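Novice: Have a peek at model27.pdb (PDB, C-alpha atoms).
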```
ATOM      1  CA  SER A  36       5.010  32.368 -25.579  1.00  0.00           C
ATOM      2  CA  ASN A  37       5.732  29.624 -22.937  1.00  0.00           C
ATOM      3  CA  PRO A  38       9.327  28.329 -23.477  1.00  0.00           C
ATOM      4  CA  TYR A  39       8.596  25.147 -21.364  1.00  0.00           C
ATOM      5  CA  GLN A  40       5.497  24.183 -23.494  1.00  0.00           C
ATOM      6  CA  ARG A  41       5.903  20.685 -25.110  1.00  0.00           C
ATOM      7  CA  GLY A  42       3.857  18.493 -27.528  1.00  0.00           C
ATOM      8  CA  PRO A  43       0.610  19.248 -29.438  1.00  0.00           C
ATOM      9  CA  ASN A  44      -2.723  20.666 -28.097  1.00  0.00           C
ATOM     10  CA  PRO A  45      -3.917  17.896 -25.710  1.00  0.00           C
ATOM     11  CA  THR A  46      -7.126  15.789 -26.042  1.00  0.00           C
ATOM     12  CA  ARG A  47      -8.339  13.730 -22.988  1.00  0.00           C
ATOM     13  CA  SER A  48      -8.025  10.603 -25.270  1.00  0.00           C
ATOM     14  CA  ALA A  49      -4.288  11.400 -25.933  1.00  0.00           C
ATOM     15  CA  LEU A  50      -3.628  11.555 -22.103  1.00  0.00           C
ATOM     16  CA  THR A  51      -4.938   7.913 -21.667  1.00  0.00           C
ATOM     17  CA  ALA A  52      -2.043   6.559 -23.866  1.00  0.00           C
ATOM     18  CA  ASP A  53       1.768   7.110 -24.238  1.00  0.00           C
ATOM     19  CA  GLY A  54       2.429  10.667 -25.562  1.00  0.00           C
ATOM     20  CA  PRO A  55       4.337  11.929 -28.646  1.00  0.00           C
ATOM     21  CA  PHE A  56       7.911  11.582 -27.164  1.00  0.00           C
ATOM     22  CA  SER A  57       9.960   8.358 -27.699  1.00  0.00           C
ATOM     23  CA  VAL A  58      11.136   7.007 -24.269  1.00  0.00           C
ATOM     24  CA  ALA A  59      14.715   5.863 -23.415  1.00  0.00           C
ATOM     25  CA  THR A  60      15.312   3.820 -20.178  1.00  0.00           C
ATOM     26  CA  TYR A  61      18.406   3.871 -17.880  1.00  0.00           C
ATOM     27  CA  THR A  62      18.649   1.219 -15.081  1.00  0.00           C
ATOM     28  CA  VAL A  63      20.322   2.800 -11.966  1.00  0.00           C
ATOM     29  CA  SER A  64      21.833  -0.069  -9.845  1.00  0.00           C
ATOM     30  CA  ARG A  65      21.407   0.365  -6.021  1.00  0.00           C
ATOM     31  CA  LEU A  66      25.252   0.189  -5.478  1.00  0.00           C
ATOM     32  CA  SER A  67      25.848   2.999  -8.103  1.00  0.00           C
ATOM     33  CA  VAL A  68      24.096   5.718  -5.942  1.00  0.00           C
ATOM     34  CA  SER A  69      23.951   6.894  -2.257  1.00  0.00           C
ATOM     35  CA  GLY A  70      20.792   7.998  -0.337  1.00  0.00           C
ATOM     36  CA  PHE A  71      18.401   5.694  -2.338  1.00  0.00           C
ATOM     37  CA  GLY A  72      18.320   2.164  -3.891  1.00  0.00           C
ATOM     38  CA  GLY A  73      18.720   3.318  -7.542  1.00  0.00           C
ATOM     39  CA  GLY A  74      15.780   2.542  -9.899  1.00  0.00           C
ATOM     40  CA  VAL A  75      14.810   3.241 -13.574  1.00  0.00           C
ATOM     41  CA  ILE A  76      14.976   6.634 -15.412  1.00  0.00           C
ATOM     42  CA  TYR A  77      12.362   7.092 -18.210  1.00  0.00           C
ATOM     43  CA  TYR A  78      13.347  10.160 -20.341  1.00  0.00           C
ATOM     44  CA  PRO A  79      12.604  11.556 -23.843  1.00  0.00           C
ATOM     45  CA  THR A  80      14.900  10.506 -26.771  1.00  0.00           C
ATOM     46  CA  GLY A  81      14.929  11.630 -30.463  1.00  0.00           C
ATOM     47  CA  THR A  82      14.630  15.264 -29.188  1.00  0.00           C
ATOM     48  CA  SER A  83      17.002  18.243 -28.483  1.00  0.00           C
ATOM     49  CA  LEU A  84      14.502  19.932 -26.044  1.00  0.00           C
ATOM     50  CA  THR A  85      14.847  20.063 -22.196  1.00  0.00           C
ATOM     51  CA  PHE A  86      12.047  18.859 -19.815  1.00  0.00           C
ATOM     52  CA  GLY A  87      11.108  19.053 -16.097  1.00  0.00           C
ATOM     53  CA  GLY A  88      12.189  16.248 -13.706  1.00  0.00           C
ATOM     54  CA  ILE A  89       9.977  13.922 -11.556  1.00  0.00           C
ATOM     55  CA  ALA A  90      11.203  11.692  -8.664  1.00  0.00           C
ATOM     56  CA  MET A  91       8.612   8.877  -8.058  1.00  0.00           C
ATOM     57  CA  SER A  92       8.555   6.476  -5.015  1.00  0.00           C
ATOM     58  CA  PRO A  93       6.771   3.077  -5.016  1.00  0.00           C
ATOM     59  CA  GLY A  94       4.929   1.825  -1.874  1.00  0.00           C
ATOM     60  CA  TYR A  95       5.701  -0.626   0.997  1.00  0.00           C
ATOM     61  CA  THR A  96       7.364  -3.938  -0.175  1.00  0.00           C
ATOM     62  CA  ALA A  97       6.922  -2.741  -3.850  1.00  0.00           C
ATOM     63  CA  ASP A  98       9.770  -1.912  -6.332  1.00  0.00           C
ATOM     64  CA  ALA A  99      10.097   0.516  -9.331  1.00  0.00           C
ATOM     65  CA  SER A 100       8.326  -2.027 -11.677  1.00  0.00           C
ATOM     66  CA  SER A 101       5.023  -1.295  -9.754  1.00  0.00           C
ATOM     67  CA  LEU A 102       4.997   2.260 -11.343  1.00  0.00           C
ATOM     68  CA  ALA A 103       6.861   1.351 -14.620  1.00  0.00           C
ATOM     69  CA  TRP A 104       3.737   2.068 -16.792  1.00  0.00           C
ATOM     70  CA  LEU A 105       3.337   5.574 -15.174  1.00  0.00           C
ATOM     71  CA  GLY A 106       7.086   6.474 -15.370  1.00  0.00           C
ATOM     72  CA  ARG A 107       6.918   5.562 -19.117  1.00  0.00           C
ATOM     73  CA  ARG A 108       3.505   7.352 -19.507  1.00  0.00           C
ATOM     74  CA  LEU A 109       4.836  10.650 -17.978  1.00  0.00           C
ATOM     75  CA  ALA A 110       8.219  10.407 -19.854  1.00  0.00           C
ATOM     76  CA  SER A 111       6.323   9.842 -23.188  1.00  0.00           C
ATOM     77  CA  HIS A 112       4.394  13.170 -22.616  1.00  0.00           C
ATOM     78  CA  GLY A 113       7.704  15.075 -22.038  1.00  0.00           C
ATOM     79  CA  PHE A 114       9.303  14.572 -18.560  1.00  0.00           C
ATOM     80  CA  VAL A 115      12.556  13.077 -17.123  1.00  0.00           C
ATOM     81  CA  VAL A 116      11.133  10.511 -14.600  1.00  0.00           C
ATOM     82  CA  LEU A 117      13.263   8.574 -12.035  1.00  0.00           C
ATOM     83  CA  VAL A 118      11.149   5.761 -10.443  1.00  0.00           C
ATOM     84  CA  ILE A 119      13.327   4.891  -7.371  1.00  0.00           C
ATOM     85  CA  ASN A 120      13.965   1.582  -5.608  1.00  0.00           C
ATOM     86  CA  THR A 121      14.260   2.168  -1.798  1.00  0.00           C
ATOM     87  CA  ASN A 122      17.348   1.111   0.293  1.00  0.00           C
ATOM     88  CA  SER A 123      14.935  -1.522   1.780  1.00  0.00           C
ATOM     89  CA  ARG A 124      11.480  -2.585   0.396  1.00  0.00           C
ATOM     90  CA  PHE A 125      10.317  -2.103   4.081  1.00  0.00           C
ATOM     91  CA  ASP A 126      11.341   1.643   4.304  1.00  0.00           C
ATOM     92  CA  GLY A 127       8.593   3.910   5.796  1.00  0.00           C
ATOM     93  CA  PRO A 128       7.056   7.094   4.271  1.00  0.00           C
ATOM     94  CA  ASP A 129       9.569   9.580   5.863  1.00  0.00           C
ATOM     95  CA  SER A 130      12.475   7.286   4.723  1.00  0.00           C
ATOM     96  CA  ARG A 131      10.918   7.458   1.180  1.00  0.00           C
ATOM     97  CA  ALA A 132      10.815  11.326   1.513  1.00  0.00           C
ATOM     98  CA  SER A 133      14.621  11.372   2.252  1.00  0.00           C
ATOM     99  CA  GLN A 134      15.306   8.968  -0.701  1.00  0.00           C
ATOM    100  CA  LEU A 135      13.127  11.155  -3.048  1.00  0.00           C
ATOM    101  CA  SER A 136      15.365  14.101  -1.878  1.00  0.00           C
ATOM    102  CA  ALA A 137      18.553  12.075  -2.727  1.00  0.00           C
ATOM    103  CA  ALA A 138      16.914  10.980  -6.063  1.00  0.00           C
ATOM    104  CA  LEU A 139      16.157  14.668  -7.018  1.00  0.00           C
ATOM    105  CA  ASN A 140      19.759  15.699  -6.041  1.00  0.00           C
ATOM    106  CA  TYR A 141      21.087  12.747  -8.172  1.00  0.00           C
ATOM    107  CA  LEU A 142      19.015  13.797 -11.275  1.00  0.00           C
ATOM    108  CA  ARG A 143      20.351  17.421 -10.961  1.00  0.00           C
ATOM    109  CA  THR A 144      24.065  16.602 -10.257  1.00  0.00           C
ATOM    110  CA  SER A 145      25.177  12.990 -11.175  1.00  0.00           C
ATOM    111  CA  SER A 146      22.565  11.433 -13.595  1.00  0.00           C
ATOM    112  CA  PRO A 147      23.877   9.962 -16.914  1.00  0.00           C
ATOM    113  CA  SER A 148      24.991  12.250 -19.835  1.00  0.00           C
ATOM    114  CA  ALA A 149      21.830  11.645 -22.000  1.00  0.00           C
ATOM    115  CA  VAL A 150      19.531  12.253 -18.928  1.00  0.00           C
ATOM    116  CA  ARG A 151      21.189  15.621 -17.923  1.00  0.00           C
ATOM    117  CA  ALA A 152      20.910  16.737 -21.626  1.00  0.00           C
ATOM    118  CA  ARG A 153      17.049  16.382 -21.417  1.00  0.00           C
ATOM    119  CA  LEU A 154      16.624  17.743 -17.813  1.00  0.00           C
ATOM    120  CA  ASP A 155      15.860  21.369 -16.810  1.00  0.00           C
ATOM    121  CA  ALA A 156      17.137  21.045 -13.173  1.00  0.00           C
ATOM    122  CA  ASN A 157      15.184  24.267 -12.214  1.00  0.00           C
ATOM    123  CA  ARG A 158      11.777  22.494 -12.798  1.00  0.00           C
ATOM    124  CA  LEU A 159      11.317  19.448 -10.457  1.00  0.00           C
ATOM    125  CA  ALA A 160       8.202  17.612  -9.114  1.00  0.00           C
ATOM    126  CA  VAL A 161       7.451  14.498  -6.960  1.00  0.00           C
ATOM    127  CA  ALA A 162       4.881  11.642  -7.051  1.00  0.00           C
ATOM    128  CA  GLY A 163       4.519   8.350  -5.111  1.00  0.00           C
ATOM    129  CA  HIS A 164       2.237   5.345  -4.401  1.00  0.00           C
ATOM    130  CA  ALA A 165       0.992   4.610  -0.810  1.00  0.00           C
ATOM    131  CA  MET A 166       3.946   5.022   1.681  1.00  0.00           C
ATOM    132  CA  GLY A 167       5.643   6.625  -1.395  1.00  0.00           C
ATOM    133  CA  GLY A 168       2.624   9.011  -1.466  1.00  0.00           C
ATOM    134  CA  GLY A 169       3.314   9.736   2.242  1.00  0.00           C
ATOM    135  CA  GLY A 170       6.972  10.455   1.295  1.00  0.00           C
ATOM    136  CA  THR A 171       5.712  12.779  -1.520  1.00  0.00           C
ATOM    137  CA  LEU A 172       3.670  14.869   1.025  1.00  0.00           C
ATOM    138  CA  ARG A 173       6.692  14.996   3.442  1.00  0.00           C
ATOM    139  CA  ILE A 174       9.297  16.079   0.775  1.00  0.00           C
ATOM    140  CA  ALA A 175       6.789  18.759  -0.481  1.00  0.00           C
ATOM    141  CA  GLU A 176       6.744  20.104   3.148  1.00  0.00           C
ATOM    142  CA  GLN A 177      10.622  20.041   3.175  1.00  0.00           C
ATOM    143  CA  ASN A 178      11.266  21.444  -0.387  1.00  0.00           C
ATOM    144  CA  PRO A 179       8.940  24.358  -1.373  1.00  0.00           C
ATOM    145  CA  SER A 180      11.050  24.838  -4.611  1.00  0.00           C
ATOM    146  CA  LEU A 181       9.231  21.709  -6.024  1.00  0.00           C
ATOM    147  CA  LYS A 182       6.711  22.650  -8.802  1.00  0.00           C
ATOM    148  CA  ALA A 183       4.098  19.918  -7.958  1.00  0.00           C
ATOM    149  CA  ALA A 184       3.416  16.773  -5.833  1.00  0.00           C
ATOM    150  CA  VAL A 185       1.036  13.866  -6.802  1.00  0.00           C
ATOM    151  CA  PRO A 186       0.483  11.436  -3.875  1.00  0.00           C
ATOM    152  CA  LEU A 187      -1.261   8.296  -5.335  1.00  0.00           C
ATOM    153  CA  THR A 188      -3.502   6.408  -2.784  1.00  0.00           C
ATOM    154  CA  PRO A 189      -1.132   7.879  -0.142  1.00  0.00           C
ATOM    155  CA  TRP A 190      -0.380   6.363   3.344  1.00  0.00           C
ATOM    156  CA  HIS A 191       1.088   8.216   6.415  1.00  0.00           C
ATOM    157  CA  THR A 192       0.437   8.125  10.241  1.00  0.00           C
ATOM    158  CA  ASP A 193       0.896  11.975  10.208  1.00  0.00           C
ATOM    159  CA  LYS A 194      -2.196  13.702   8.645  1.00  0.00           C
ATOM    160  CA  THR A 195      -1.163  17.453   8.500  1.00  0.00           C
ATOM    161  CA  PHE A 196       1.558  18.588   5.989  1.00  0.00           C
ATOM    162  CA  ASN A 197       2.635  22.291   5.932  1.00  0.00           C
ATOM    163  CA  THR A 198       3.448  22.572   2.152  1.00  0.00           C
ATOM    164  CA  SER A 199       2.838  25.392  -0.415  1.00  0.00           C
ATOM    165  CA  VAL A 200       3.735  22.957  -3.305  1.00  0.00           C
ATOM    166  CA  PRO A 201       0.633  22.367  -5.516  1.00  0.00           C
ATOM    167  CA  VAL A 202      -0.788  18.891  -4.529  1.00  0.00           C
ATOM    168  CA  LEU A 203      -3.145  16.574  -6.501  1.00  0.00           C
ATOM    169  CA  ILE A 204      -4.086  13.500  -4.341  1.00  0.00           C
ATOM    170  CA  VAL A 205      -5.576  10.362  -6.031  1.00  0.00           C
ATOM    171  CA  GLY A 206      -7.822   8.398  -3.608  1.00  0.00           C
ATOM    172  CA  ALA A 207      -9.163   4.871  -4.355  1.00  0.00           C
ATOM    173  CA  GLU A 208     -12.789   4.641  -3.016  1.00  0.00           C
ATOM    174  CA  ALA A 209     -12.445   0.971  -1.828  1.00  0.00           C
ATOM    175  CA  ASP A 210      -8.807   1.274  -0.527  1.00  0.00           C
ATOM    176  CA  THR A 211      -8.385  -1.067   2.543  1.00  0.00           C
ATOM    177  CA  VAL A 212      -4.577  -0.383   2.914  1.00  0.00           C
ATOM    178  CA  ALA A 213      -4.783   3.484   2.927  1.00  0.00           C
ATOM    179  CA  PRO A 214      -8.536   4.164   3.491  1.00  0.00           C
ATOM    180  CA  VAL A 215      -9.411   7.613   1.958  1.00  0.00           C
ATOM    181  CA  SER A 216     -11.311   8.519   5.233  1.00  0.00           C
ATOM    182  CA  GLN A 217      -8.100   7.979   7.352  1.00  0.00           C
ATOM    183  CA  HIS A 218      -5.407   9.045   4.761  1.00  0.00           C
ATOM    184  CA  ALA A 219      -6.163  10.773   1.365  1.00  0.00           C
ATOM    185  CA  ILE A 220      -9.147  12.957   2.537  1.00  0.00           C
ATOM    186  CA  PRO A 221      -7.524  14.089   5.853  1.00  0.00           C
ATOM    187  CA  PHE A 222      -4.277  14.875   3.867  1.00  0.00           C
ATOM    188  CA  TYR A 223      -6.310  17.047   1.400  1.00  0.00           C
ATOM    189  CA  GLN A 224      -8.339  18.915   4.113  1.00  0.00           C
ATOM    190  CA  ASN A 225      -5.302  19.413   6.471  1.00  0.00           C
ATOM    191  CA  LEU A 226      -3.195  20.992   3.623  1.00  0.00           C
ATOM    192  CA  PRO A 227      -3.155  24.833   3.957  1.00  0.00           C
ATOM    193  CA  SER A 228      -6.286  26.421   2.310  1.00  0.00           C
ATOM    194  CA  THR A 229      -3.850  28.744   0.366  1.00  0.00           C
ATOM    195  CA  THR A 230      -2.041  25.695  -1.223  1.00  0.00           C
ATOM    196  CA  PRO A 231      -3.338  24.905  -4.757  1.00  0.00           C
ATOM    197  CA  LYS A 232      -4.852  21.410  -4.114  1.00  0.00           C
ATOM    198  CA  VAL A 233      -7.078  18.844  -5.948  1.00  0.00           C
ATOM    199  CA  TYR A 234      -8.601  15.559  -4.626  1.00  0.00           C
ATOM    200  CA  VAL A 235      -9.813  12.952  -7.200  1.00  0.00           C
ATOM    201  CA  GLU A 236     -11.456   9.722  -5.852  1.00  0.00           C
ATOM    202  CA  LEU A 237     -11.500   6.741  -8.313  1.00  0.00           C
ATOM    203  CA  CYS A 238     -14.960   4.993  -8.307  1.00  0.00           C
ATOM    204  CA  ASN A 239     -14.805   1.477  -6.691  1.00  0.00           C
ATOM    205  CA  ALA A 240     -10.963   1.356  -7.135  1.00  0.00           C
ATOM    206  CA  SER A 241      -8.497  -0.676  -4.968  1.00  0.00           C
ATOM    207  CA  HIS A 242      -5.180   0.439  -3.316  1.00  0.00           C
ATOM    208  CA  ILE A 243      -3.236  -1.094  -6.303  1.00  0.00           C
ATOM    209  CA  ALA A 244      -5.141   0.967  -8.989  1.00  0.00           C
ATOM    210  CA  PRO A 245      -1.949   3.091  -9.507  1.00  0.00           C
ATOM    211  CA  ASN A 246       0.195  -0.077 -10.234  1.00  0.00           C
ATOM    212  CA  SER A 247      -1.357  -0.737 -13.731  1.00  0.00           C
ATOM    213  CA  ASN A 248      -2.481   1.325 -16.804  1.00  0.00           C
ATOM    214  CA  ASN A 249      -5.258   3.636 -15.412  1.00  0.00           C
ATOM    215  CA  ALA A 250      -6.886   6.277 -17.728  1.00  0.00           C
ATOM    216  CA  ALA A 251      -7.907   8.623 -14.819  1.00  0.00           C
ATOM    217  CA  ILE A 252      -4.497   8.483 -12.970  1.00  0.00           C
ATOM    218  CA  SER A 253      -2.841   9.076 -16.425  1.00  0.00           C
ATOM    219  CA  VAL A 254      -5.056  12.160 -17.235  1.00  0.00           C
ATOM    220  CA  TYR A 255      -4.767  13.847 -13.766  1.00  0.00           C
ATOM    221  CA  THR A 256      -1.020  13.057 -13.141  1.00  0.00           C
ATOM    222  CA  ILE A 257       0.035  14.246 -16.690  1.00  0.00           C
ATOM    223  CA  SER A 258      -2.224  17.384 -16.437  1.00  0.00           C
ATOM    224  CA  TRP A 259      -1.020  18.413 -12.904  1.00  0.00           C
ATOM    225  CA  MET A 260       2.690  17.968 -13.904  1.00  0.00           C
ATOM    226  CA  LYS A 261       2.054  19.795 -17.261  1.00  0.00           C
ATOM    227  CA  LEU A 262       0.252  22.762 -15.545  1.00  0.00           C
ATOM    228  CA  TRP A 263       2.811  23.291 -12.691  1.00  0.00           C
ATOM    229  CA  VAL A 264       6.155  21.879 -14.070  1.00  0.00           C
ATOM    230  CA  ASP A 265       5.766  23.475 -17.597  1.00  0.00           C
ATOM    231  CA  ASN A 266       3.285  26.325 -16.687  1.00  0.00           C
ATOM    232  CA  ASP A 267       1.206  24.720 -19.534  1.00  0.00           C
ATOM    233  CA  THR A 268      -2.330  26.230 -19.113  1.00  0.00           C
ATOM    234  CA  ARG A 269      -3.567  24.043 -22.076  1.00  0.00           C
ATOM    235  CA  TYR A 270      -3.969  21.280 -19.374  1.00  0.00           C
ATOM    236  CA  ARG A 271      -6.265  23.453 -17.112  1.00  0.00           C
ATOM    237  CA  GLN A 272      -9.258  22.118 -19.191  1.00  0.00           C
ATOM    238  CA  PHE A 273      -8.756  18.590 -17.627  1.00  0.00           C
ATOM    239  CA  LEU A 274      -8.329  19.907 -14.000  1.00  0.00           C
ATOM    240  CA  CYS A 275     -11.162  22.562 -13.955  1.00  0.00           C
ATOM    241  CA  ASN A 276     -14.988  22.008 -14.167  1.00  0.00           C
ATOM    242  CA  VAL A 277     -14.370  18.190 -14.183  1.00  0.00           C
ATOM    243  CA  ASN A 278     -17.229  15.691 -14.867  1.00  0.00           C
ATOM    244  CA  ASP A 279     -15.400  12.296 -15.102  1.00  0.00           C
ATOM    245  CA  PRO A 280     -17.509   9.080 -14.806  1.00  0.00           C
ATOM    246  CA  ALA A 281     -14.340   7.278 -13.469  1.00  0.00           C
ATOM    247  CA  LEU A 282     -14.411   9.690 -10.419  1.00  0.00           C
ATOM    248  CA  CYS A 283     -16.946   9.305  -7.519  1.00  0.00           C
ATOM    249  CA  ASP A 284     -15.620  12.556  -5.892  1.00  0.00           C
ATOM    250  CA  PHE A 285     -13.688  15.676  -7.111  1.00  0.00           C
ATOM    251  CA  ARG A 286     -12.643  18.506  -4.687  1.00  0.00           C
ATOM    252  CA  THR A 287     -10.438  21.642  -5.213  1.00  0.00           C
ATOM    253  CA  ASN A 288      -9.935  25.249  -3.924  1.00  0.00           C
ATOM    254  CA  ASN A 289      -9.791  26.106  -7.708  1.00  0.00           C
ATOM    255  CA  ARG A 290      -6.545  28.224  -7.391  1.00  0.00           C
ATOM    256  CA  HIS A 291      -5.052  26.422 -10.489  1.00  0.00           C
ATOM    257  CA  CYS A 292      -7.917  27.410 -12.907  1.00  0.00           C
ATOM    258  CA  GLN A 293      -6.799  31.086 -13.457  1.00  0.00           C
TER     259      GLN A 293
END
```
Let's see the structure in the file written out as structure tokens.
Specialist:
Amino acid sequence: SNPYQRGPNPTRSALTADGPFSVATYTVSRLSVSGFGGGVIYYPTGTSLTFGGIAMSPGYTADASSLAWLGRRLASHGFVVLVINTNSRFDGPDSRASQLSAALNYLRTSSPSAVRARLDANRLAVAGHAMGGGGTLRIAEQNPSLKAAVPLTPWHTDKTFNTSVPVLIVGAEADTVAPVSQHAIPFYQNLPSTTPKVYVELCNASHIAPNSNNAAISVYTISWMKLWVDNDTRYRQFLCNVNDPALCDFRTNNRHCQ
């Protein structure tokens, strides 16, 4: 019996909409915290259970509202999710990594009463869009205690990350900001072969695909977090032997399937 298991037996359909958990929001002002620019916490309410934590970084010149739908989506399926604002909208990927670190420390140590009540501080993960995706890869390299990392259409000038943290990268086929050939695909291939890794490439998708309700991003982000943060093997079925018409490529070393 898995003590971290949450919600009913999943259907793919159920992972394309908000999950069974009611979502509370807490606005963290940038002057209320050090090491990052505050943001919005999406967390389960109407429940006495504890859940894993996710720090999520938006991309260059973007704010927390650019990943609001996904923070809510993940929270609704049973996670405490802090979508950060950066100290500056112009902060680079390695700056975003440091702020994700401060955000994770904040959630564990100085988050509001209702948030701490729902958080299992032992089970933490990271995700991010673009330069935020770059930051996600960097913090994974720095913090091997993290359960999972989901870089969404990630951007970074460095291509090789020495992380053991399970990584699922979402590439957008027609990305002109972070071209998959220069960013996402190199990141995937340059990850250690012993690191549980998945690459999904969205058919004819743009760089901003992760900034609005996206069925595929929903399915793969929820499933990866569920499998690694909660040890919930009910979500293997969505990450193993995948034939998804929304994907124009799917790659994995298949370490997560048994």
Novice: Could you list, as a PyMOL selection string, every residue matched by the PyMOL selection byres ((chain A and resi 130) around 10) in this structure?
Specialist: chain A and resi 70-71+121-123+125-129+131-136+166-167+169-170+173
Novice: Could you tell me which residues the PyMOL selection byres ((chain A and resi 41-57) around 10) returns for this structure, as a ChimeraX atom specification?
Specialist: /A:37-40,58-59,77-82,84-86,104-105,107-114,248-258,261,265,267,269-270,272-273
Novice: Take the residues from that selection and put them in a file with C-alpha atoms, as a PDB file, in the coordinates of the input.
Specialist:
```
ATOM      1  CA  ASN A  37       5.732  29.624 -22.937  1.00  0.00           C
ATOM      2  CA  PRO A  38       9.327  28.329 -23.477  1.00  0.00           C
ATOM      3  CA  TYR A  39       8.596  25.147 -21.364  1.00  0.00           C
ATOM      4  CA  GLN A  40       5.497  24.183 -23.494  1.00  0.00           C
ATOM      5  CA  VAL A  58      11.136   7.007 -24.269  1.00  0.00           C
ATOM      6  CA  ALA A  59      14.715   5.863 -23.415  1.00  0.00           C
ATOM      7  CA  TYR A  77      12.362   7.092 -18.210  1.00  0.00           C
ATOM      8  CA  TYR A  78      13.347  10.160 -20.341  1.00  0.00           C
ATOM      9  CA  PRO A  79      12.604  11.556 -23.843  1.00  0.00           C
ATOM     10  CA  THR A  80      14.900  10.506 -26.771  1.00  0.00           C
ATOM     11  CA  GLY A  81      14.929  11.630 -30.463  1.00  0.00           C
ATOM     12  CA  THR A  82      14.630  15.264 -29.188  1.00  0.00           C
ATOM     13  CA  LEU A  84      14.502  19.932 -26.044  1.00  0.00           C
ATOM     14  CA  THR A  85      14.847  20.063 -22.196  1.00  0.00           C
ATOM     15  CA  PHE A  86      12.047  18.859 -19.815  1.00  0.00           C
ATOM     16  CA  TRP A 104       3.737   2.068 -16.792  1.00  0.00           C
ATOM     17  CA  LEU A 105       3.337   5.574 -15.174  1.00  0.00           C
ATOM     18  CA  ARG A 107       6.918   5.562 -19.117  1.00  0.00           C
ATOM     19  CA  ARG A 108       3.505   7.352 -19.507  1.00  0.00           C
ATOM     20  CA  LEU A 109       4.836  10.650 -17.978  1.00  0.00           C
ATOM     21  CA  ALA A 110       8.219  10.407 -19.854  1.00  0.00           C
ATOM     22  CA  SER A 111       6.323   9.842 -23.188  1.00  0.00           C
ATOM     23  CA  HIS A 112       4.394  13.170 -22.616  1.00  0.00           C
ATOM     24  CA  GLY A 113       7.704  15.075 -22.038  1.00  0.00           C
ATOM     25  CA  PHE A 114       9.303  14.572 -18.560  1.00  0.00           C
ATOM     26  CA  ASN A 248      -2.481   1.325 -16.804  1.00  0.00           C
ATOM     27  CA  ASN A 249      -5.258   3.636 -15.412  1.00  0.00           C
ATOM     28  CA  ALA A 250      -6.886   6.277 -17.728  1.00  0.00           C
ATOM     29  CA  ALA A 251      -7.907   8.623 -14.819  1.00  0.00           C
ATOM     30  CA  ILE A 252      -4.497   8.483 -12.970  1.00  0.00           C
ATOM     31  CA  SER A 253      -2.841   9.076 -16.425  1.00  0.00           C
ATOM     32  CA  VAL A 254      -5.056  12.160 -17.235  1.00  0.00           C
ATOM     33  CA  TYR A 255      -4.767  13.847 -13.766  1.00  0.00           C
ATOM     34  CA  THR A 256      -1.020  13.057 -13.141  1.00  0.00           C
ATOM     35  CA  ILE A 257       0.035  14.246 -16.690  1.00  0.00           C
ATOM     36  CA  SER A 258      -2.224  17.384 -16.437  1.00  0.00           C
ATOM     37  CA  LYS A 261       2.054  19.795 -17.261  1.00  0.00           C
ATOM     38  CA  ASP A 265       5.766  23.475 -17.597  1.00  0.00           C
ATOM     39  CA  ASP A 267       1.206  24.720 -19.534  1.00  0.00           C
ATOM     40  CA  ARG A 269      -3.567  24.043 -22.076  1.00  0.00           C
ATOM     41  CA  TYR A 270      -3.969  21.280 -19.374  1.00  0.00           C
ATOM     42  CA  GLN A 272      -9.258  22.118 -19.191  1.00  0.00           C
ATOM     43  CA  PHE A 273      -8.756  18.590 -17.627  1.00  0.00           C
TER      44      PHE A 273
END
```
Novice: Write out as a ChimeraX atom specification the residues lying within 6 Å of segment 190-199 of chain A, counting all atoms listed in the file and excluding same-chain residues fewer than 3 positions away.
Specialist: /A:165-166,169,175-176,213,218,222,225-226,230
Novice: Based on the selection just made, write C-alpha atoms of those residues as an mmCIF file, in the coordinates of the input.
Specialist:
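Saved result, selection-v3.cif, follows:
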```cif
data_model
loop_
_atom_site.group_PDB
_atom_site.id
_atom_site.type_symbol
_atom_site.label_atom_id
_atom_site.label_comp_id
_atom_site.auth_asym_id
_atom_site.auth_seq_id
_atom_site.Cartn_x
_atom_site.Cartn_y
_atom_site.Cartn_z
ATOM 1 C CA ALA A 165 0.992 4.610 -0.810
ATOM 2 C CA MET A 166 3.946 5.022 1.681
ATOM 3 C CA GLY A 169 3.314 9.736 2.242
ATOM 4 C CA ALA A 175 6.789 18.759 -0.481
ATOM 5 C CA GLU A 176 6.744 20.104 3.148
ATOM 6 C CA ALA A 213 -4.783 3.484 2.927
ATOM 7 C CA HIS A 218 -5.407 9.045 4.761
ATOM 8 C CA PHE A 222 -4.277 14.875 3.867
ATOM 9 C CA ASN A 225 -5.302 19.413 6.471
ATOM 10 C CA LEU A 226 -3.195 20.992 3.623
ATOM 11 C CA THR A 230 -2.041 25.695 -1.223
#
```
Novice: Would you compute the distance between atom CA of residue 202 of chain A and atom CA of residue 146 of chain A? Give it in Å to one decimal.
Specialist: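 Separating atom CA of residue 202 of chain A from atom CA of residue 146 of chain A is a distance of 26.1 Å.
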Novice: Is it possible to get the residues within 10 Å of (-9.5, 21.0, -15.1) (coordinates as in the file, counting all atoms listed in the file) written as a list in words?
Specialist: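 Those within range, by chain then number, are residues 233, 255, 258, 259, 262, 268, 269, 270, 271, 272, 273, 274, 275, 276, 277, 278, 287, 289, 291 and 292 of chain A.
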